[PDB]
file target27.pdb (PDB, C-alpha atoms)
ATOM      1  CA  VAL A   1     -28.094 -26.583  44.538  1.00  0.00           C
ATOM      2  CA  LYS A   2     -26.121 -23.960  42.647  1.00  0.00           C
ATOM      3  CA  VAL A   3     -27.074 -20.805  40.750  1.00  0.00           C
ATOM      4  CA  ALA A   4     -26.105 -20.617  37.078  1.00  0.00           C
ATOM      5  CA  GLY A   5     -27.568 -17.985  34.767  1.00  0.00           C
ATOM      6  CA  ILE A   6     -26.879 -14.668  33.066  1.00  0.00           C
ATOM      7  CA  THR A   7     -29.727 -12.217  32.535  1.00  0.00           C
ATOM      8  CA  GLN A   8     -30.135  -8.496  31.914  1.00  0.00           C
ATOM      9  CA  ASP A   9     -33.353  -6.484  31.799  1.00  0.00           C
ATOM     10  CA  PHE A  10     -33.137  -4.182  28.789  1.00  0.00           C
ATOM     11  CA  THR A  11     -36.029  -1.848  29.631  1.00  0.00           C
ATOM     12  CA  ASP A  12     -35.332   1.739  28.638  1.00  0.00           C
ATOM     13  CA  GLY A  13     -33.859   3.818  31.429  1.00  0.00           C
ATOM     14  CA  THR A  14     -35.706   6.645  33.130  1.00  0.00           C
ATOM     15  CA  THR A  15     -34.672   9.257  30.588  1.00  0.00           C
ATOM     16  CA  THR A  16     -33.197  12.555  31.791  1.00  0.00           C
ATOM     17  CA  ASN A  17     -32.125  15.698  29.943  1.00  0.00           C
ATOM     18  CA  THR A  18     -28.608  17.081  30.383  1.00  0.00           C
ATOM     19  CA  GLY A  19     -28.060  19.640  27.607  1.00  0.00           C
ATOM     20  CA  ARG A  20     -24.490  18.710  26.684  1.00  0.00           C
ATOM     21  CA  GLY A  21     -23.911  17.866  23.028  1.00  0.00           C
ATOM     22  CA  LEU A  22     -21.960  14.779  24.119  1.00  0.00           C
ATOM     23  CA  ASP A  23     -24.647  13.089  26.271  1.00  0.00           C
ATOM     24  CA  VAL A  24     -26.447  10.488  24.153  1.00  0.00           C
ATOM     25  CA  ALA A  25     -29.362   8.361  25.371  1.00  0.00           C
ATOM     26  CA  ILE A  26     -30.533   5.024  23.948  1.00  0.00           C
ATOM     27  CA  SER A  27     -34.012   3.515  23.708  1.00  0.00           C
ATOM     28  CA  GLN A  28     -35.288   0.055  22.739  1.00  0.00           C
ATOM     29  CA  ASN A  29     -32.977  -2.849  21.974  1.00  0.00           C
ATOM     30  CA  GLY A  30     -29.249  -3.446  21.825  1.00  0.00           C
ATOM     31  CA  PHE A  31     -26.203  -1.296  22.459  1.00  0.00           C
ATOM     32  CA  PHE A  32     -23.965   0.859  20.320  1.00  0.00           C
ATOM     33  CA  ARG A  33     -20.556  -0.534  19.510  1.00  0.00           C
ATOM     34  CA  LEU A  34     -17.178   0.781  20.671  1.00  0.00           C
ATOM     35  CA  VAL A  35     -13.604  -0.173  19.823  1.00  0.00           C
ATOM     36  CA  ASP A  36     -10.450  -0.038  21.936  1.00  0.00           C
ATOM     37  CA  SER A  37      -6.874   0.881  21.085  1.00  0.00           C
ATOM     38  CA  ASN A  38      -5.889  -2.792  20.718  1.00  0.00           C
ATOM     39  CA  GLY A  39      -8.711  -3.375  18.220  1.00  0.00           C
ATOM     40  CA  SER A  40     -11.118  -4.977  20.686  1.00  0.00           C
ATOM     41  CA  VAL A  41     -14.827  -4.576  19.898  1.00  0.00           C
ATOM     42  CA  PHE A  42     -17.595  -4.034  22.429  1.00  0.00           C
ATOM     43  CA  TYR A  43     -21.216  -2.980  22.896  1.00  0.00           C
ATOM     44  CA  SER A  44     -22.239  -0.530  25.619  1.00  0.00           C
ATOM     45  CA  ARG A  45     -25.043   1.844  26.593  1.00  0.00           C
ATOM     46  CA  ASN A  46     -22.866   4.381  28.451  1.00  0.00           C
ATOM     47  CA  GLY A  47     -24.020   7.594  26.787  1.00  0.00           C
ATOM     48  CA  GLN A  48     -21.480  10.194  27.980  1.00  0.00           C
ATOM     49  CA  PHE A  49     -18.589  11.057  25.679  1.00  0.00           C
ATOM     50  CA  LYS A  50     -15.672  13.348  24.887  1.00  0.00           C
TER      51      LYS A  50
ATOM     52  CA  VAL B   1     -14.014  27.151  49.107  1.00  0.00           C
ATOM     53  CA  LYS B   2     -11.843  29.838  50.585  1.00  0.00           C
ATOM     54  CA  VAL B   3     -13.063  33.394  51.054  1.00  0.00           C
ATOM     55  CA  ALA B   4     -10.269  35.964  50.934  1.00  0.00           C
ATOM     56  CA  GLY B   5     -11.033  39.511  49.855  1.00  0.00           C
ATOM     57  CA  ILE B   6     -12.835  42.723  50.691  1.00  0.00           C
ATOM     58  CA  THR B   7     -13.022  45.597  48.221  1.00  0.00           C
ATOM     59  CA  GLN B   8     -14.530  49.072  48.484  1.00  0.00           C
ATOM     60  CA  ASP B   9     -15.659  50.216  45.035  1.00  0.00           C
ATOM     61  CA  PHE B  10     -14.945  53.721  43.736  1.00  0.00           C
ATOM     62  CA  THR B  11     -17.845  54.346  41.348  1.00  0.00           C
ATOM     63  CA  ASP B  12     -19.613  57.728  41.440  1.00  0.00           C
ATOM     64  CA  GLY B  13     -21.187  59.557  44.292  1.00  0.00           C
ATOM     65  CA  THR B  14     -24.053  61.777  43.175  1.00  0.00           C
ATOM     66  CA  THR B  15     -23.081  65.325  44.108  1.00  0.00           C
ATOM     67  CA  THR B  16     -25.800  67.249  45.945  1.00  0.00           C
ATOM     68  CA  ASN B  17     -26.464  70.815  47.054  1.00  0.00           C
ATOM     69  CA  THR B  18     -26.111  72.181  50.587  1.00  0.00           C
ATOM     70  CA  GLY B  19     -24.777  75.724  50.177  1.00  0.00           C
ATOM     71  CA  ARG B  20     -22.099  76.033  52.880  1.00  0.00           C
ATOM     72  CA  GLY B  21     -19.052  77.971  51.742  1.00  0.00           C
ATOM     73  CA  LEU B  22     -16.857  75.216  53.212  1.00  0.00           C
ATOM     74  CA  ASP B  23     -18.656  72.188  51.749  1.00  0.00           C
ATOM     75  CA  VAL B  24     -16.687  70.387  49.061  1.00  0.00           C
ATOM     76  CA  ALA B  25     -16.819  67.362  46.788  1.00  0.00           C
ATOM     77  CA  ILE B  26     -14.076  65.800  44.672  1.00  0.00           C
ATOM     78  CA  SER B  27     -15.323  65.047  41.183  1.00  0.00           C
ATOM     79  CA  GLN B  28     -13.295  62.180  39.733  1.00  0.00           C
ATOM     80  CA  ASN B  29     -10.617  60.166  41.491  1.00  0.00           C
ATOM     81  CA  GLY B  30      -9.093  62.745  43.945  1.00  0.00           C
ATOM     82  CA  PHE B  31      -8.684  62.580  47.720  1.00  0.00           C
ATOM     83  CA  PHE B  32      -7.709  64.805  50.637  1.00  0.00           C
ATOM     84  CA  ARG B  33      -4.569  64.492  52.758  1.00  0.00           C
ATOM     85  CA  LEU B  34      -4.556  64.812  56.546  1.00  0.00           C
ATOM     86  CA  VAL B  35      -2.155  64.285  59.416  1.00  0.00           C
ATOM     87  CA  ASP B  36      -3.531  62.360  62.392  1.00  0.00           C
ATOM     88  CA  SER B  37      -3.474  63.664  65.980  1.00  0.00           C
ATOM     89  CA  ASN B  38       0.340  63.678  65.861  1.00  0.00           C
ATOM     90  CA  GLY B  39       1.210  63.167  62.195  1.00  0.00           C
ATOM     91  CA  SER B  40       0.118  59.752  60.880  1.00  0.00           C
ATOM     92  CA  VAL B  41      -0.379  60.497  57.201  1.00  0.00           C
ATOM     93  CA  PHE B  42      -4.047  60.044  56.323  1.00  0.00           C
ATOM     94  CA  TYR B  43      -6.328  60.585  53.347  1.00  0.00           C
ATOM     95  CA  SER B  44     -10.067  61.157  53.313  1.00  0.00           C
ATOM     96  CA  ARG B  45     -13.069  61.668  51.037  1.00  0.00           C
ATOM     97  CA  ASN B  46     -15.386  63.466  53.482  1.00  0.00           C
ATOM     98  CA  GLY B  47     -16.629  66.749  52.024  1.00  0.00           C
ATOM     99  CA  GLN B  48     -17.456  68.841  55.114  1.00  0.00           C
ATOM    100  CA  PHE B  49     -14.942  71.229  56.673  1.00  0.00           C
ATOM    101  CA  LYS B  50     -14.921  74.161  59.072  1.00  0.00           C
TER     102      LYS B  50
ATOM    103  CA  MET C   1     -40.836   6.086  38.746  1.00  0.00           C
ATOM    104  CA  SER C   2     -42.488   9.410  39.539  1.00  0.00           C
ATOM    105  CA  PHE C   3     -39.288  10.637  41.209  1.00  0.00           C
ATOM    106  CA  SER C   4     -38.004  11.310  37.703  1.00  0.00           C
ATOM    107  CA  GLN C   5     -41.417  12.625  36.669  1.00  0.00           C
ATOM    108  CA  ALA C   6     -41.417  15.065  39.583  1.00  0.00           C
ATOM    109  CA  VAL C   7     -37.826  16.277  39.162  1.00  0.00           C
ATOM    110  CA  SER C   8     -38.492  16.782  35.454  1.00  0.00           C
ATOM    111  CA  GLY C   9     -41.691  18.630  36.304  1.00  0.00           C
ATOM    112  CA  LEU C  10     -39.759  20.934  38.612  1.00  0.00           C
ATOM    113  CA  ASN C  11     -37.189  21.603  35.892  1.00  0.00           C
ATOM    114  CA  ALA C  12     -40.064  22.397  33.529  1.00  0.00           C
ATOM    115  CA  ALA C  13     -41.728  24.697  36.066  1.00  0.00           C
ATOM    116  CA  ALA C  14     -38.450  26.509  36.687  1.00  0.00           C
ATOM    117  CA  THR C  15     -37.880  26.993  32.959  1.00  0.00           C
ATOM    118  CA  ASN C  16     -41.426  28.288  32.519  1.00  0.00           C
ATOM    119  CA  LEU C  17     -40.784  30.712  35.378  1.00  0.00           C
ATOM    120  CA  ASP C  18     -37.584  31.850  33.653  1.00  0.00           C
ATOM    121  CA  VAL C  19     -39.322  32.510  30.333  1.00  0.00           C
ATOM    122  CA  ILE C  20     -42.245  34.341  31.924  1.00  0.00           C
ATOM    123  CA  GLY C  21     -39.705  36.349  33.908  1.00  0.00           C
ATOM    124  CA  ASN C  22     -37.998  37.339  30.689  1.00  0.00           C
ATOM    125  CA  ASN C  23     -41.301  38.334  29.106  1.00  0.00           C
ATOM    126  CA  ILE C  24     -41.918  40.627  32.079  1.00  0.00           C
ATOM    127  CA  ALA C  25     -38.366  41.994  32.297  1.00  0.00           C
ATOM    128  CA  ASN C  26     -38.119  43.388  28.769  1.00  0.00           C
ATOM    129  CA  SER C  27     -41.811  44.140  28.874  1.00  0.00           C
ATOM    130  CA  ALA C  28     -41.389  47.799  27.948  1.00  0.00           C
ATOM    131  CA  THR C  29     -38.834  47.337  25.144  1.00  0.00           C
ATOM    132  CA  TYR C  30     -40.103  48.202  21.663  1.00  0.00           C
ATOM    133  CA  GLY C  31     -40.396  45.377  19.155  1.00  0.00           C
ATOM    134  CA  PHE C  32     -40.025  42.802  21.925  1.00  0.00           C
ATOM    135  CA  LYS C  33     -42.002  39.805  20.725  1.00  0.00           C
ATOM    136  CA  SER C  34     -43.032  37.680  23.697  1.00  0.00           C
ATOM    137  CA  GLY C  35     -41.756  34.152  24.257  1.00  0.00           C
ATOM    138  CA  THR C  36     -43.512  30.885  25.065  1.00  0.00           C
ATOM    139  CA  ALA C  37     -42.370  27.373  25.982  1.00  0.00           C
ATOM    140  CA  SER C  38     -43.726  23.898  25.210  1.00  0.00           C
ATOM    141  CA  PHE C  39     -43.933  20.653  27.197  1.00  0.00           C
ATOM    142  CA  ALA C  40     -43.998  16.954  26.310  1.00  0.00           C
ATOM    143  CA  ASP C  41     -43.371  13.468  27.705  1.00  0.00           C
ATOM    144  CA  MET C  42     -40.760  11.131  26.226  1.00  0.00           C
ATOM    145  CA  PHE C  43     -42.381   8.095  24.570  1.00  0.00           C
ATOM    146  CA  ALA C  44     -43.458   6.351  27.786  1.00  0.00           C
ATOM    147  CA  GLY C  45     -43.057   2.954  26.113  1.00  0.00           C
ATOM    148  CA  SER C  46     -44.298   1.428  29.357  1.00  0.00           C
ATOM    149  CA  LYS C  47     -46.776   1.817  32.214  1.00  0.00           C
ATOM    150  CA  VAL C  48     -44.871   4.905  33.232  1.00  0.00           C
ATOM    151  CA  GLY C  49     -44.401   7.689  30.802  1.00  0.00           C
ATOM    152  CA  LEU C  50     -41.126   9.225  31.884  1.00  0.00           C
ATOM    153  CA  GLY C  51     -42.100  12.681  33.167  1.00  0.00           C
TER     154      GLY C  51
ATOM    155  CA  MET D   1     -17.566  -8.602  46.723  1.00  0.00           C
ATOM    156  CA  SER D   2     -20.569  -7.364  48.669  1.00  0.00           C
ATOM    157  CA  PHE D   3     -18.710  -5.658  51.527  1.00  0.00           C
ATOM    158  CA  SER D   4     -16.334  -4.038  49.036  1.00  0.00           C
ATOM    159  CA  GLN D   5     -19.167  -2.702  46.888  1.00  0.00           C
ATOM    160  CA  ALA D   6     -20.895  -1.499  50.061  1.00  0.00           C
ATOM    161  CA  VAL D   7     -17.930   0.595  51.195  1.00  0.00           C
ATOM    162  CA  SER D   8     -17.022   1.783  47.694  1.00  0.00           C
ATOM    163  CA  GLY D   9     -20.609   2.732  46.875  1.00  0.00           C
ATOM    164  CA  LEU D  10     -20.822   4.627  50.143  1.00  0.00           C
ATOM    165  CA  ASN D  11     -17.656   6.462  49.094  1.00  0.00           C
ATOM    166  CA  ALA D  12     -19.176   7.047  45.644  1.00  0.00           C
ATOM    167  CA  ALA D  13     -22.247   8.586  47.274  1.00  0.00           C
ATOM    168  CA  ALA D  14     -19.923  10.732  49.372  1.00  0.00           C
ATOM    169  CA  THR D  15     -18.082  11.790  46.212  1.00  0.00           C
ATOM    170  CA  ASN D  16     -21.350  12.740  44.522  1.00  0.00           C
ATOM    171  CA  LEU D  17     -22.344  14.775  47.556  1.00  0.00           C
ATOM    172  CA  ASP D  18     -18.915  16.392  47.637  1.00  0.00           C
ATOM    173  CA  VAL D  19     -19.059  17.466  44.001  1.00  0.00           C
ATOM    174  CA  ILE D  20     -22.442  18.856  45.016  1.00  0.00           C
ATOM    175  CA  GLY D  21     -20.868  20.667  47.953  1.00  0.00           C
ATOM    176  CA  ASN D  22     -17.972  22.211  46.068  1.00  0.00           C
ATOM    177  CA  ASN D  23     -20.533  23.310  43.477  1.00  0.00           C
ATOM    178  CA  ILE D  24     -22.804  24.881  46.096  1.00  0.00           C
ATOM    179  CA  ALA D  25     -20.097  26.627  48.103  1.00  0.00           C
ATOM    180  CA  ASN D  26     -18.612  28.062  44.905  1.00  0.00           C
ATOM    181  CA  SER D  27     -22.009  29.162  43.572  1.00  0.00           C
ATOM    182  CA  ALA D  28     -20.885  32.697  44.489  1.00  0.00           C
ATOM    183  CA  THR D  29     -17.590  32.321  42.600  1.00  0.00           C
ATOM    184  CA  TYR D  30     -18.071  34.501  39.535  1.00  0.00           C
ATOM    185  CA  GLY D  31     -18.226  32.702  36.202  1.00  0.00           C
ATOM    186  CA  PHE D  32     -17.497  29.414  37.972  1.00  0.00           C
ATOM    187  CA  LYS D  33     -18.293  26.203  36.079  1.00  0.00           C
ATOM    188  CA  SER D  34     -20.017  23.333  37.891  1.00  0.00           C
ATOM    189  CA  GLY D  35     -18.745  19.763  37.925  1.00  0.00           C
ATOM    190  CA  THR D  36     -19.810  16.133  37.637  1.00  0.00           C
ATOM    191  CA  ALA D  37     -18.144  12.713  37.739  1.00  0.00           C
ATOM    192  CA  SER D  38     -18.995   9.342  36.193  1.00  0.00           C
ATOM    193  CA  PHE D  39     -19.654   5.982  37.849  1.00  0.00           C
ATOM    194  CA  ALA D  40     -18.917   2.407  36.801  1.00  0.00           C
ATOM    195  CA  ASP D  41     -18.941  -1.103  38.234  1.00  0.00           C
ATOM    196  CA  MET D  42     -16.030  -3.482  37.956  1.00  0.00           C
ATOM    197  CA  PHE D  43     -18.028  -5.492  35.572  1.00  0.00           C
ATOM    198  CA  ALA D  44     -15.528  -8.265  34.995  1.00  0.00           C
ATOM    199  CA  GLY D  45     -18.083  -9.875  32.706  1.00  0.00           C
ATOM    200  CA  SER D  46     -19.027 -12.189  35.559  1.00  0.00           C
ATOM    201  CA  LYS D  47     -22.797 -11.948  35.963  1.00  0.00           C
ATOM    202  CA  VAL D  48     -22.639  -8.147  36.168  1.00  0.00           C
ATOM    203  CA  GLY D  49     -19.799  -6.827  38.336  1.00  0.00           C
ATOM    204  CA  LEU D  50     -17.533  -7.083  41.367  1.00  0.00           C
ATOM    205  CA  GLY D  51     -17.605  -3.550  42.813  1.00  0.00           C
TER     206      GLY D  51
END

call {"tool": "encode", "arguments": {"input": "target27.pdb", "output": "structure tokens"}}
result
Amino acid sequence: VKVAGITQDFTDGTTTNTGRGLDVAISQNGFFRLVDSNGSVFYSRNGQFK
Amino acid sequence: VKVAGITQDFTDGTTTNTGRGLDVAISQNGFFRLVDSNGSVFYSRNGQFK
Amino acid sequence: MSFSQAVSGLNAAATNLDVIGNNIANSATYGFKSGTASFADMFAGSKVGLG
Amino acid sequence: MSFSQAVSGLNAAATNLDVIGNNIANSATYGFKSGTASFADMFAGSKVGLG
């Protein structure tokens, strides 16, 4: 035997209020897309920003 | 945390009536000067004297 | 998870206490229109609500 | 690395408590602004993470 599989459960997180105008919470499907200095492209749900 | 400070505030003291000819109050920021038992230079805000 | 529901409910209760406290505090001030607050739950989208 | 994530998560919990503690102790510091820190897993892309 061996284990081989990738899976993520995309249920909406238990949503909490924080008041700051740079705390952004997602619902439903997907991620929003970020870019790095070297031009790399990525999708994340991390909602805290500056 | 550190705690470092004690301060005695110098806001008003409501001035009240007693009638003794040697009772005094200092309106505004003044003080009295005293020597101690042998000279130590002291200052005081107490208003009673005989 | 009702942990989030309960913490959110405590935040809501505290805010309601704050607003009622402010109504009382300026109670005597002329022209002081009184304030109210409103409550809601965030889309549930599950078996859970969210609080 | 399970042991590594165990120790580092314990330290992360300690850090969260310690931001709590410096907040609480300073709650009497006039005008003081409270703090918070962010968490992340060394998600090397493998399954989910490594620590």

call {"tool": "closest_atom_pairs", "arguments": {"input": "target27.pdb", "of": "chain D", "to": "chain B", "cutoff": "9 Å", "atoms": "only C-alpha atoms", "output": "tab-separated table"}}
result
residue	atom	partner	partner_atom	distance
D:22	CA	B:1	CA	7.0
D:25	CA	B:1	CA	6.2
D:26	CA	B:1	CA	6.3

call {"tool": "calpha_fit_rmsd", "arguments": {"input": "target27.pdb", "fixed": "chain D", "moving": "chain C"}}
result
1.4 Å

call {"tool": "calpha_fit_rmsd", "arguments": {"input": "target27.pdb", "fixed": "chain B", "moving": "chain A"}}
result
1.4 Å

call {"tool": "resolve_selection", "arguments": {"input": "target27.pdb", "expression": "the PyMOL selection byres ((chain D and resi 36-47) around 8)", "output": "list in words"}}
result
residues 5, 6 and 7 of chain A; 12, 16, 19, 34, 35, 48, 49, 50 and 51 of chain D

call {"tool": "atom_distance", "arguments": {"input": "target27.pdb", "atom1": "atom CA of residue 48 of chain B", "atom2": "atom CA of residue 22 of chain B"}}
result
6.7 Å

call {"tool": "resolve_selection", "arguments": {"input": "target27.pdb", "expression": "the PyMOL selection byres ((chain B and resi 45) around 10)", "output": "ChimeraX atom specification"}}
result
/B:24-26,29-33,43-44,46-48

call {"tool": "atom_distance", "arguments": {"input": "target27.pdb", "atom1": "atom CA of residue 34 of chain B", "atom2": "atom CA of residue 10 of chain B"}}
result
19.9 Å

call {"tool": "axis_aligned_box", "arguments": {"input": "target27.pdb", "around": "segment 2-11 of chain B", "padding_each_side": "6 Å", "output": "AutoDock Vina command-line options"}}
result
--center_x -14.1 --center_y 42.1 --center_z 46.2 --size_x 19.6 --size_y 36.5 --size_z 21.7

call {"tool": "atom_distance", "arguments": {"input": "target27.pdb", "atom1": "atom CA of residue 15 of chain A", "atom2": "atom CA of residue 8 of chain C"}}
result
9.7 Å

call {"tool": "build_atoms", "arguments": {"input": "target27.pdb", "residues": "segment 19-45 of chain D", "atoms": "N, CA and C atoms", "output": "CSV table (one decimal), in the frame of the given file"}}
result
chain,number,residue,atom,x,y,z
D,19,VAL,N,-19.0,16.6,45.2
D,19,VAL,CA,-19.1,17.5,44.0
D,19,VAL,C,-20.2,18.4,44.2
D,20,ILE,N,-21.3,18.0,44.7
D,20,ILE,CA,-22.4,18.9,45.0
D,20,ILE,C,-22.0,20.0,45.9
D,21,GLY,N,-21.2,19.7,47.0
D,21,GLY,CA,-20.9,20.7,48.0
D,21,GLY,C,-19.9,21.7,47.4
D,22,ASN,N,-18.9,21.3,46.7
D,22,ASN,CA,-18.0,22.2,46.1
D,22,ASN,C,-18.7,23.1,45.0
D,23,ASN,N,-19.7,22.5,44.4
D,23,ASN,CA,-20.5,23.3,43.5
D,23,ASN,C,-21.3,24.4,44.3
D,24,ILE,N,-21.9,24.0,45.3
D,24,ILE,CA,-22.8,24.9,46.1
D,24,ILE,C,-22.0,26.0,46.7
D,25,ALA,N,-20.9,25.6,47.4
D,25,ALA,CA,-20.1,26.6,48.1
D,25,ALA,C,-19.5,27.6,47.1
D,26,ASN,N,-19.2,27.2,45.9
D,26,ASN,CA,-18.6,28.1,44.9
D,26,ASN,C,-19.7,28.8,44.1
D,27,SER,N,-21.0,28.5,44.4
D,27,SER,CA,-22.0,29.2,43.6
D,27,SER,C,-21.9,30.7,43.5
D,28,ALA,N,-21.2,31.3,44.5
D,28,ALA,CA,-20.9,32.7,44.5
D,28,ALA,C,-19.6,33.0,43.8
D,29,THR,N,-18.8,32.1,43.3
D,29,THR,CA,-17.6,32.3,42.6
D,29,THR,C,-17.9,32.7,41.2
D,30,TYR,N,-17.6,33.9,40.8
D,30,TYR,CA,-18.1,34.5,39.5
D,30,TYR,C,-17.6,33.7,38.4
D,31,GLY,N,-18.5,33.5,37.4
D,31,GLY,CA,-18.2,32.7,36.2
D,31,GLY,C,-17.9,31.2,36.4
D,32,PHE,N,-17.9,30.8,37.7
D,32,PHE,CA,-17.5,29.4,38.0
D,32,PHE,C,-18.3,28.4,37.2
D,33,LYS,N,-17.7,27.3,36.8
D,33,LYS,CA,-18.3,26.2,36.1
D,33,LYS,C,-18.5,25.0,37.0
D,34,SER,N,-19.7,24.4,37.0
D,34,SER,CA,-20.0,23.3,37.9
D,34,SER,C,-19.5,22.0,37.3
D,35,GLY,N,-19.4,21.0,38.2
D,35,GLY,CA,-18.7,19.8,37.9
D,35,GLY,C,-19.6,18.5,38.1
D,36,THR,N,-19.1,17.4,37.5
D,36,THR,CA,-19.8,16.1,37.6
D,36,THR,C,-18.8,15.0,37.3
D,37,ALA,N,-19.0,13.9,37.9
D,37,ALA,CA,-18.1,12.7,37.7
D,37,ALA,C,-19.0,11.5,37.4
D,38,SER,N,-18.3,10.5,36.7
D,38,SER,CA,-19.0,9.3,36.2
D,38,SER,C,-18.7,8.1,37.1
D,39,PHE,N,-19.7,7.2,37.0
D,39,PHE,CA,-19.7,6.0,37.8
D,39,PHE,C,-19.6,4.7,37.0
D,40,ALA,N,-19.0,3.7,37.5
D,40,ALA,CA,-18.9,2.4,36.8
D,40,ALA,C,-18.7,1.3,37.8
D,41,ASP,N,-19.1,0.1,37.4
D,41,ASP,CA,-18.9,-1.1,38.2
D,41,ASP,C,-17.9,-2.0,37.6
D,42,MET,N,-17.1,-2.7,38.5
D,42,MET,CA,-16.0,-3.5,38.0
D,42,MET,C,-16.7,-4.7,37.4
D,43,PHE,N,-17.3,-4.4,36.2
D,43,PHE,CA,-18.0,-5.5,35.6
D,43,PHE,C,-17.0,-6.4,34.9
D,44,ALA,N,-16.5,-7.4,35.6
D,44,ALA,CA,-15.5,-8.3,35.0
D,44,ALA,C,-16.1,-9.2,33.9
D,45,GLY,N,-17.4,-9.0,33.7
D,45,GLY,CA,-18.1,-9.9,32.7
D,45,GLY,C,-18.8,-11.0,33.5
